Structure formats: C-alpha cells, structure tokens
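So this one's input25.txt, compact mmCIF, C-alpha atoms:
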```txt
# COMPACT_ATOMS: atom_id res chain seq x y z
CA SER U 1 -20.33 -7.62 17.05
CA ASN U 2 -22.58 -10.23 15.39
CA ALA U 3 -25.47 -7.77 15.80
CA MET U 4 -23.09 -5.13 14.43
CA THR U 5 -21.99 -7.27 11.47
CA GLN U 6 -25.69 -7.72 10.72
CA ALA U 7 -26.26 -3.98 10.61
CA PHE U 8 -23.39 -3.64 8.17
CA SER U 9 -24.83 -6.47 6.03
CA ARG U 10 -27.80 -4.18 5.34
CA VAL U 11 -25.81 -1.72 3.32
CA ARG U 12 -25.15 -2.21 -0.41
CA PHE U 13 -22.87 -0.50 -2.90
CA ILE U 14 -24.01 -0.41 -6.48
CA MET U 15 -21.70 0.38 -9.38
CA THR U 16 -23.39 1.14 -12.68
CA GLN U 17 -21.75 0.39 -16.03
CA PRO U 18 -18.36 -0.45 -14.49
CA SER U 19 -16.00 -0.25 -17.43
CA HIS U 20 -12.63 -1.09 -15.81
CA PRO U 21 -12.21 -4.51 -14.05
CA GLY U 22 -9.45 -3.23 -11.76
CA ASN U 23 -11.86 -0.62 -10.38
CA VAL U 24 -14.22 -3.49 -9.49
CA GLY U 25 -11.51 -5.21 -7.50
CA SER U 26 -10.49 -1.94 -5.81
CA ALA U 27 -14.15 -1.39 -5.10
CA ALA U 28 -14.38 -4.69 -3.25
CA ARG U 29 -11.26 -4.02 -1.18
CA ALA U 30 -12.34 -0.48 -0.44
CA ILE U 31 -15.67 -1.62 1.07
CA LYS U 32 -14.26 -4.54 2.92
CA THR U 33 -11.77 -2.26 4.70
CA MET U 34 -14.78 -0.32 5.99
CA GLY U 35 -16.51 -3.49 7.14
CA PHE U 36 -18.92 -3.94 4.21
CA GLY U 37 -19.34 -7.11 2.19
CA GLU U 38 -22.08 -6.30 -0.33
CA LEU U 39 -21.10 -5.19 -3.80
CA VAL U 40 -23.47 -5.04 -6.74
CA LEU U 41 -22.72 -4.36 -10.40
CA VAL U 42 -25.32 -3.12 -12.89
CA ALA U 43 -24.75 -3.57 -16.66
CA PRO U 44 -21.02 -4.11 -16.60
CA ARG U 45 -19.13 -3.82 -19.87
CA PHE U 46 -18.23 -7.52 -19.76
CA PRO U 47 -19.85 -10.66 -18.50
CA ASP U 48 -17.78 -12.21 -15.69
CA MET U 49 -16.25 -8.83 -14.86
CA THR U 50 -15.66 -9.99 -11.29
CA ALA U 51 -13.73 -12.98 -12.62
CA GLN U 52 -11.37 -10.80 -14.75
CA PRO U 53 -7.69 -11.20 -13.65
CA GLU U 54 -7.20 -7.48 -12.89
CA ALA U 55 -10.28 -7.35 -10.67
CA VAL U 56 -8.96 -10.33 -8.72
CA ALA U 57 -5.42 -8.84 -8.49
CA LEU U 58 -6.69 -5.47 -7.18
CA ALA U 59 -9.02 -7.22 -4.74
CA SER U 60 -6.37 -9.16 -2.77
CA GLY U 61 -7.79 -9.74 0.72
CA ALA U 62 -11.37 -9.02 -0.40
CA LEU U 63 -11.66 -11.84 -2.94
CA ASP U 64 -14.71 -13.14 -1.09
CA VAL U 65 -16.58 -9.83 -1.45
CA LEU U 66 -15.62 -9.95 -5.09
CA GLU U 67 -16.84 -13.51 -5.67
CA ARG U 68 -20.19 -12.93 -3.96
CA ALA U 69 -20.86 -9.70 -5.91
CA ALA U 70 -24.22 -9.78 -7.66
CA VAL U 71 -24.48 -8.69 -11.32
CA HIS U 72 -27.75 -7.41 -12.84
CA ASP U 73 -28.50 -5.86 -16.19
CA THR U 74 -30.71 -3.19 -14.71
CA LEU U 75 -30.74 -0.78 -11.76
CA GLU U 76 -34.37 -1.70 -11.17
CA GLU U 77 -33.30 -5.27 -10.34
CA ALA U 78 -30.51 -3.96 -8.02
CA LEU U 79 -32.97 -1.64 -6.23
CA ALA U 80 -35.79 -4.14 -5.76
CA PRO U 81 -34.85 -5.00 -2.21
CA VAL U 82 -33.62 -1.55 -1.31
CA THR U 83 -35.65 0.67 1.01
CA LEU U 84 -33.36 3.74 0.98
CA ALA U 85 -31.08 4.40 -1.96
CA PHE U 86 -28.67 7.24 -2.45
CA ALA U 87 -27.58 8.38 -5.87
CA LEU U 88 -23.91 9.39 -5.40
CA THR U 89 -22.69 12.21 -7.65
CA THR U 90 -20.06 14.87 -8.34
CA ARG U 91 -21.71 17.67 -10.35
CA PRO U 97 -29.14 24.22 -4.75
CA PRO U 98 -26.75 21.77 -2.97
CA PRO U 99 -28.16 18.24 -2.53
CA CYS U 100 -27.53 16.58 0.82
CA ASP U 101 -23.89 15.68 1.36
CA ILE U 102 -22.46 12.26 2.06
CA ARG U 103 -22.24 13.11 5.77
CA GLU U 104 -25.98 13.94 5.98
CA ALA U 105 -26.69 10.90 3.85
CA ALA U 106 -24.77 8.65 6.24
CA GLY U 107 -26.76 10.00 9.22
CA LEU U 108 -30.05 9.29 7.36
CA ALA U 109 -28.83 5.78 6.62
CA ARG U 110 -28.22 5.11 10.32
CA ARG U 111 -31.67 6.37 11.23
CA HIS U 112 -33.27 4.22 8.54
CA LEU U 113 -31.45 1.07 9.63
CA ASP U 114 -32.37 1.74 13.23
CA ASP U 115 -36.00 2.65 12.51
CA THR U 116 -36.86 -0.33 10.24
CA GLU U 117 -36.62 -4.05 10.96
CA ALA U 118 -35.33 -4.99 7.54
CA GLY U 119 -34.59 -1.71 5.76
CA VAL U 120 -31.81 -1.85 3.22
CA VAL U 121 -29.62 1.02 2.26
CA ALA U 122 -27.85 1.43 -1.00
CA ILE U 123 -25.27 3.76 -2.32
CA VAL U 124 -25.40 4.07 -6.10
CA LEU U 125 -22.40 5.14 -8.22
CA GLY U 126 -21.88 5.82 -11.90
CA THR U 127 -18.46 6.02 -13.52
CA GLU U 128 -16.53 9.05 -14.86
CA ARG U 129 -18.00 8.45 -18.31
CA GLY U 131 -22.14 9.56 -14.46
CA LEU U 132 -25.61 8.28 -13.70
CA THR U 133 -28.33 8.78 -16.27
CA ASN U 134 -31.18 11.07 -15.29
CA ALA U 135 -33.43 8.02 -15.31
CA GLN U 136 -31.08 6.07 -13.05
CA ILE U 137 -31.01 8.98 -10.63
CA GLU U 138 -34.82 9.23 -10.69
CA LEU U 139 -34.93 5.63 -9.43
CA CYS U 140 -33.18 6.57 -6.15
CA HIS U 141 -34.72 8.07 -3.03
CA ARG U 142 -32.11 10.79 -2.66
CA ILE U 143 -29.20 12.47 -4.35
CA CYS U 144 -26.09 13.03 -2.35
CA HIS U 145 -22.70 14.44 -3.28
CA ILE U 146 -19.10 14.46 -2.17
CA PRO U 147 -18.09 18.16 -2.00
CA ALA U 148 -14.45 17.69 -3.09
CA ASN U 149 -12.09 20.28 -4.54
CA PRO U 150 -13.71 22.11 -7.46
CA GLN U 151 -10.55 22.06 -9.59
CA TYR U 152 -10.25 18.38 -8.69
CA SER U 153 -13.75 17.05 -8.02
CA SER U 154 -13.38 14.19 -10.50
CA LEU U 155 -11.93 11.36 -8.41
CA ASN U 156 -11.77 7.62 -9.07
CA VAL U 157 -15.04 5.81 -8.44
CA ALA U 158 -13.24 3.54 -6.01
CA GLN U 159 -12.15 6.67 -4.10
CA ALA U 160 -15.68 8.01 -4.11
CA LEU U 161 -16.60 4.56 -2.77
CA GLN U 162 -14.04 4.57 0.00
CA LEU U 163 -15.23 8.00 1.20
CA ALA U 164 -18.88 6.83 1.16
CA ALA U 165 -18.08 3.63 2.94
CA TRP U 166 -15.97 5.51 5.52
CA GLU U 167 -18.91 7.91 6.24
CA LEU U 168 -21.29 5.01 6.49
CA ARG U 169 -19.03 3.07 8.74
CA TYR U 170 -18.56 6.00 11.04
CA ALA U 171 -22.26 6.67 11.17
CA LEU U 172 -23.03 3.00 11.94
CA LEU U 173 -20.44 2.32 14.62
CA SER F 1 -12.09 31.45 -1.89
CA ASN F 2 -8.64 33.09 -1.71
CA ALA F 3 -9.14 33.38 2.06
CA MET F 4 -10.30 29.75 1.93
CA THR F 5 -7.32 28.59 -0.14
CA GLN F 6 -5.15 30.27 2.48
CA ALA F 7 -6.76 28.29 5.28
CA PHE F 8 -6.09 25.10 3.37
CA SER F 9 -2.45 26.16 2.80
CA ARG F 10 -1.99 25.89 6.58
CA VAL F 11 -2.41 22.15 6.67
CA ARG F 12 0.50 19.77 6.00
CA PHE F 13 0.73 16.04 5.41
CA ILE F 14 3.88 14.32 6.52
CA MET F 15 4.87 10.86 5.34
CA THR F 16 7.68 9.20 7.28
CA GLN F 17 10.06 6.70 5.67
CA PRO F 18 8.04 6.43 2.44
CA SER F 19 9.35 3.27 0.87
CA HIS F 20 7.28 3.06 -2.35
CA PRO F 21 7.50 5.96 -4.91
CA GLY F 22 4.05 5.24 -6.34
CA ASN F 23 2.54 5.80 -2.89
CA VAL F 24 4.18 9.24 -2.90
CA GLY F 25 2.51 10.12 -6.17
CA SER F 26 -0.85 8.74 -4.98
CA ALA F 27 -0.33 10.73 -1.83
CA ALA F 28 0.00 13.95 -3.80
CA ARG F 29 -3.10 13.27 -5.90
CA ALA F 30 -5.08 12.20 -2.87
CA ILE F 31 -4.44 15.51 -1.05
CA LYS F 32 -4.92 17.67 -4.06
CA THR F 33 -8.38 16.18 -4.64
CA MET F 34 -9.26 17.39 -1.15
CA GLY F 35 -7.90 20.85 -1.84
CA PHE F 36 -4.51 20.51 -0.13
CA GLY F 37 -1.16 21.32 -1.70
CA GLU F 38 1.39 20.66 1.05
CA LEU F 39 3.16 17.32 1.13
CA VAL F 40 6.24 16.60 3.20
CA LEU F 41 8.46 13.52 3.20
CA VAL F 42 10.73 12.55 6.11
CA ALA F 43 13.68 10.16 5.54
CA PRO F 44 12.52 8.62 2.30
CA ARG F 45 14.23 5.42 1.17
CA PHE F 46 15.69 7.21 -1.86
CA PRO F 47 16.91 10.67 -2.64
CA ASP F 48 14.76 12.29 -5.34
CA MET F 49 11.82 10.05 -4.44
CA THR F 50 9.43 12.67 -5.79
CA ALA F 51 11.28 12.61 -9.10
CA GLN F 52 10.95 8.79 -9.47
CA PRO F 53 8.94 7.84 -12.63
CA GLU F 54 6.27 5.87 -10.71
CA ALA F 55 5.62 8.77 -8.33
CA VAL F 56 5.14 11.07 -11.31
CA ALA F 57 2.89 8.53 -13.14
CA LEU F 58 0.62 8.02 -10.09
CA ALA F 59 0.47 11.76 -9.49
CA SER F 60 -1.05 12.79 -12.85
CA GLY F 61 -2.93 16.05 -12.26
CA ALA F 62 -1.11 16.75 -8.98
CA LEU F 63 2.41 16.96 -10.42
CA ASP F 64 2.75 20.44 -8.94
CA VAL F 65 2.04 19.22 -5.39
CA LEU F 66 4.58 16.52 -6.06
CA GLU F 67 7.28 18.87 -7.32
CA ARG F 68 6.89 21.31 -4.43
CA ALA F 69 7.01 18.53 -1.79
CA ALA F 70 9.65 19.19 0.85
CA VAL F 71 12.04 16.39 1.89
CA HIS F 72 13.77 16.35 5.30
CA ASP F 73 15.86 13.72 7.00
CA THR F 74 14.16 14.20 10.33
CA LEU F 75 10.65 14.65 11.74
CA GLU F 76 12.00 17.41 13.96
CA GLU F 77 12.78 19.49 10.85
CA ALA F 78 9.28 18.75 9.40
CA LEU F 79 7.61 19.76 12.69
CA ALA F 80 9.56 22.97 13.30
CA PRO F 81 6.89 25.22 11.87
CA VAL F 82 3.99 23.13 13.04
CA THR F 83 1.80 24.32 15.91
CA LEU F 84 -0.59 21.33 16.06
CA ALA F 85 0.52 17.94 14.83
CA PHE F 86 -1.44 14.72 14.76
CA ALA F 87 0.23 11.35 14.78
CA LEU F 88 -2.00 9.18 12.55
CA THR F 89 -2.13 5.48 13.46
CA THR F 90 -3.93 2.15 13.12
CA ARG F 91 -3.18 0.09 16.24
CA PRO F 97 -8.14 3.54 25.88
CA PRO F 98 -9.16 4.87 22.41
CA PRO F 99 -7.18 7.95 21.27
CA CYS F 100 -9.16 10.71 19.60
CA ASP F 101 -10.47 9.72 16.18
CA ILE F 102 -9.80 11.44 12.89
CA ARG F 103 -13.19 13.16 13.09
CA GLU F 104 -12.40 14.71 16.52
CA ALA F 105 -8.93 15.53 15.25
CA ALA F 106 -10.35 17.36 12.24
CA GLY F 107 -12.62 19.46 14.50
CA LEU F 108 -9.60 20.38 16.70
CA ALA F 109 -7.68 21.36 13.58
CA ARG F 110 -10.45 23.76 12.52
CA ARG F 111 -10.52 25.36 15.95
CA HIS F 112 -6.74 25.74 15.97
CA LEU F 113 -6.65 27.35 12.53
CA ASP F 114 -9.46 29.68 13.50
CA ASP F 115 -8.02 30.55 16.93
CA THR F 116 -4.42 31.33 15.82
CA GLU F 117 -3.18 33.84 13.27
CA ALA F 118 -0.51 31.58 11.83
CA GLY F 119 -1.08 28.16 13.39
CA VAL F 120 -0.06 25.23 11.25
CA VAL F 121 -1.57 21.82 11.39
CA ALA F 122 0.10 18.64 10.42
CA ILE F 123 -1.02 15.11 9.93
CA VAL F 124 1.81 12.63 10.39
CA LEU F 125 1.80 9.14 8.82
CA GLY F 126 4.13 6.16 9.00
CA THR F 127 4.03 3.28 6.54
CA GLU F 128 2.81 -0.32 7.00
CA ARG F 129 6.34 -1.38 7.92
CA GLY F 131 4.30 2.49 11.66
CA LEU F 132 5.65 5.50 13.53
CA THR F 133 8.39 4.97 16.07
CA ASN F 134 7.51 5.69 19.67
CA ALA F 135 9.91 8.62 19.51
CA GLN F 136 8.28 9.99 16.37
CA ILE F 137 4.90 9.76 18.02
CA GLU F 138 6.21 11.52 21.15
CA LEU F 139 7.11 14.48 18.92
CA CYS F 140 3.44 15.10 18.00
CA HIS F 141 0.82 16.96 20.01
CA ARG F 142 -1.82 14.26 19.67
CA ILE F 143 -2.44 10.72 18.54
CA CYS F 144 -5.42 10.07 16.39
CA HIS F 145 -6.67 6.92 14.68
CA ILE F 146 -8.87 5.77 11.85
CA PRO F 147 -11.26 3.20 13.38
CA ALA F 148 -11.51 0.92 10.30
CA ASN F 149 -12.57 -2.71 10.15
CA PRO F 150 -10.64 -4.80 12.69
CA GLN F 151 -10.13 -7.72 10.30
CA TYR F 152 -9.06 -5.14 7.71
CA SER F 153 -7.61 -2.15 9.57
CA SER F 154 -4.37 -2.22 7.59
CA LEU F 155 -5.08 0.02 4.60
CA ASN F 156 -2.71 1.72 2.15
CA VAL F 157 -1.08 4.86 3.53
CA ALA F 158 -2.47 6.80 0.61
CA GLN F 159 -5.96 5.60 1.63
CA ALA F 160 -5.33 6.61 5.22
CA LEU F 161 -4.27 9.95 3.71
CA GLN F 162 -7.37 10.37 1.61
CA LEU F 163 -9.62 9.71 4.63
CA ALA F 164 -7.64 12.24 6.74
CA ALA F 165 -7.69 14.83 4.03
CA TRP F 166 -11.43 14.27 3.46
CA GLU F 167 -12.13 14.80 7.22
CA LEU F 168 -9.97 17.88 7.24
CA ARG F 169 -11.56 19.29 4.16
CA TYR F 170 -15.02 18.77 5.55
CA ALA F 171 -14.10 20.34 8.84
CA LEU F 172 -12.54 23.38 7.10
CA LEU F 173 -15.23 24.14 4.53
```

Can you give me the file's structure in the form of structure tokens?
Amino acid sequence: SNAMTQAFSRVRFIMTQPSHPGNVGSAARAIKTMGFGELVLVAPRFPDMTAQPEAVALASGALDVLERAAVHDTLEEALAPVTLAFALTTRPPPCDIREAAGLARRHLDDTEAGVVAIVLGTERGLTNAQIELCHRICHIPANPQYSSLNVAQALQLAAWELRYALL
Amino acid sequence: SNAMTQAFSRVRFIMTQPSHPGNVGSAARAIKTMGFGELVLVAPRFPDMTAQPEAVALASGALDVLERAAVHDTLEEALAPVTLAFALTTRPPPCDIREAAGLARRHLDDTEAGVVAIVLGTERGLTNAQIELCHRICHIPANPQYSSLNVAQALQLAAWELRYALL
C-alpha cells in the first residue's frame, strides 16, 4: 500500500493553458478518484487559478490535490523532472491510451526514480512545439462524431487506464 | 461502420432510481461520446425525468439519446430483452469492468441477437434483488479512499471499456 502509494506518486497530470477554473477543480477530483495526487498547470489564464471559487467548489473532496498543484509558465519547467511524458490528443494511428498506460507501468518498474507525465491541452489543443517536447503521442479513440470531450473527461479516462495498469 | 454501429446498438445502459435529472443528461452525453445510443431508466424519481430542463442542459449534443431513452417502472421490464446483463457496483473480488467488457464482446460476437446491458444504481446502490436479476456482478476498482464516484463517471468508464473492447 505505502509502496503502492509511492508508485502512484510518480505519475503527473499536466494541463496546458487551462482556461476554465471549474475544469481545474474537476481535474483534481478526477485524478484523486483514481488514486493520483499530482496535478500541474502550465500557463493558466489567471494567476491563482487553483484558488478560484469554482475550482474549489468542483474539487470537493480533492481540495488537497488542488492546493498542492504546481503552476509553471512553461511546459519545459513542468517536464524538467519527467522521464516519460505522453502528449494526450484527440485528432497512421499513434499509440492509444491503453498502450501508453502499459508503457508507463514498464517505465516505473524499470527505473528507480522515473516519472511519468500525461500532458493535456484544452479544446481551444497542444501546440506542435508543446507536443515535440513529449516522448510520445497517445490518443483516446472515442466516437468520431463525438470525439471532442471535456478535458476533465479525457483526464478521468487517462487516469483510469493508468490506475488499472499500475494496480 | 454500419455493421459497427449495429454492434454498438446492442449495448444498453440502465440507470436505476435516478434521482438527479442532470445526472440523466450527463449520462446520455457520456454514452454518446463512447458511441452508444441506448439509455434506459428504471423507476426514476419523477415522470418525464428526461424532459426536465437540467437533463436537457447537461445533455447538449446528445439530446437525441436523451429523447429516445426508455423509462420502465421495473428492472424486470428493462432486462426482458437482455441476454447478458452486468450489475455495476462499488462495494472475493467479482470480475472487473475490463473482464466484463471482454465477456460482452464475446457474447455479441457469439450470438446473432444477444443484447448486453450494464446496470447502475445511484449513490443512495442496487438492491440485492436487483443484483440477483443480473447475470454477473462487476466492479470498478477505484481508489479506496475515493471509490464513491458520480454515477455518470462510473458510466463513462464502463462505456469507455465497452467501446474499447468492441472496436
């Protein structure tokens, strides 16, 4: 359990350019429900995003994850300690979130202090340059007519895959 | 694609005793994003639940799934055409949603007109008698300290597993 909590502490979820504070709260709750505590914001629209009343209100239960969330201005900063980073998208097929989760497990098992990150843009995606900063691209193959799903939903799916692959 | 849409038409999601109309709308949007169109309500708190303004508002995009949703007073009625029904819970470990999804795929492939259902209660669960009506129990092994997650979130996970297993 403690050993298991430590494995989970080695996964990070990075939201770039979060625009909506409620999404940031939902984000925190989403990952906590999957056992993750590490949320990172890059270049949010507002300073003190994670202190905004709607982020707090949508975080209920995961207020701790929300407080501890790190904010950087750049993805470079957010990636500095990361050894394996997935760019998450919805656009030849890149590896899917299920493959990506399996790779994450292998990486965390094969390195002493490897760190895995999942990197998300928002509906309004990740720049080509942000994507180039990651080790891999992965995607969530959702309905074509309805592939555009809330970033917090993307996050829950990713965190569910990761949880399953780590248990 | 048409053949594939038909496979997806053979999966149903059943919510018992839905209490909150917004959850019913979120439910519809959740399954549509995964490619499913079949939502069933058993014994909702209110008649015309799916017509309630908050269900509509939280359904945006999936208003069609929401309109077509069938409402019955009993789970028996909702199960009559179902050949393989999973009781979804969060409580020896029953089969998990990932095993359950694989079984669903096999069933839909092995029968001409098999029908699969996922059956959900709400936070306030499924009665023992409702559970006894299903073929199997399955569970979503989420964080212990945070296993209680919105029914629409439970639904999205289930529908994601099912989608993946059917693609």

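The residues of chain U lying at most 10 Å from chain F, with only C-alpha atoms taken into account, are residues 29, 30, 31, 32, 33, 34, 35, 36, 61, 62, 103, 146, 147, 148, 149, 150, 151, 152, 153, 154, 155, 159, 162, 163, 166, 167, 169, 170 and 173 of chain U.
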
Box dimensions and centre (Å, one decimal) enclosing stretch 164-171 of chain U, axis-aligned, 6 Å extra per side, as AutoDock Vina command-line options:
```
--center_x -19.1 --center_y 5.5 --center_z 6.2 --size_x 18.3 --size_y 16.8 --size_z 22.0
```

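Between atom CA of residue F:19 and atom CA of residue F:57 the separation is 16.3 Å.
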
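One distance worth recording is that between atom CA of residue U:137 and atom CA of residue U:124, which is 8.7 Å.
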
| Just how far from atom CA of residue F:90 is atom CA of residue F:145, in Å to one decimal? | 5.7 Å

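Distance annotation: of F:39, F:24, F:160, F:113, the residue with the minimal separation from residue F:52 is F:24; atom set is all atoms listed in the file.
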
| task | Please write as a PyMOL selection string the list of polymer residues whose atoms come within 8 Å of (-9.5, -3.9, -9.4), counting only C-alpha atoms and keeping to the coordinates of the file. | result | chain U and resi 20-28+54-59

| query | Which polymer residues, protein or nucleic acid, are no farther than 6 Å from (7.9, 9.0, 5.8), counting all atoms listed in the file, as a ChimeraX atom specification? | reply | /F:15-18,41-44,126
